[PDB]
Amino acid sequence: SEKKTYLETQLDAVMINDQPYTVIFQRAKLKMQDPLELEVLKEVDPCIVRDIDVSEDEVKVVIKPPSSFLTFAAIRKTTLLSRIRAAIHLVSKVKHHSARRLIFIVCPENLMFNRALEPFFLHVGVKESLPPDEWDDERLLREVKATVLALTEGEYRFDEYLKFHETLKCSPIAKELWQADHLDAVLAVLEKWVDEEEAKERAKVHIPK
């Protein structure tokens, strides 16, 4: 019937709407003490508006990106070269922790893109308050690898790359990406890839010869 998505499962929350994005958490299940801890969510990024309602039993976040932002599946339709550049910007955005209590969960359902293929997150956690509510660099690294493979290689869904990559049809650069030790080595693998792919696209505007 209705399976919960990776986001839903990791947040233990319900996506009740996608127009506009709306996430519903049970207050009883949160580490949140003072609802004021969630005010930081008003200050994630100037493009995407987030309205927060802390009621006696639930916390509701309503997330409204600009109407001209592109979904993950829209970027998946662009050129390989373009998708790898997008993936580089993603890895560059999450490479570090926030100093302002914000914690990032990376998956295709949680991302939208601006006109310059800059990624933005929809839902963001708050340390010790709202899931994801703790750092876990390993979890973030795996999500990023799966999300980047889903965007670039794109021969499987995010969940399948995430969950199952040791059992599926691994490609050479993909293999390099899973292999990578940390986000910087993910970024190095991508950089050699975008160079390779840029040389290929350029060859298409010269006629040898």
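Residue indices: 1-based, along the sequence shown.
Taking the mean C-alpha B-factor of each stretch as recorded, 122-130 and 94-102 are not equal, and the higher mean is that of 94-102. Stretches 105-113 and 78-86 differ in mean CA B factor, with 78-86 having the higher one. The PDB entry assigns the greatest CA B-factor among 140, 168, 38, 47 to 168. In the deposited entry, the Cα temperature factor of residue 174 places it in the highest third of its chain's modelled residues. Compared with the other modelled residues of the chain, the Cα B-factor recorded for residue 29 ranks in the middle third. Annotation for residue 157: C-alpha temperature factor in the middle third relative to the rest of the modelled chain, per the entry. In the deposited entry, the Cα temperature factor of residue 16 places it in the highest third of its chain's modelled residues.
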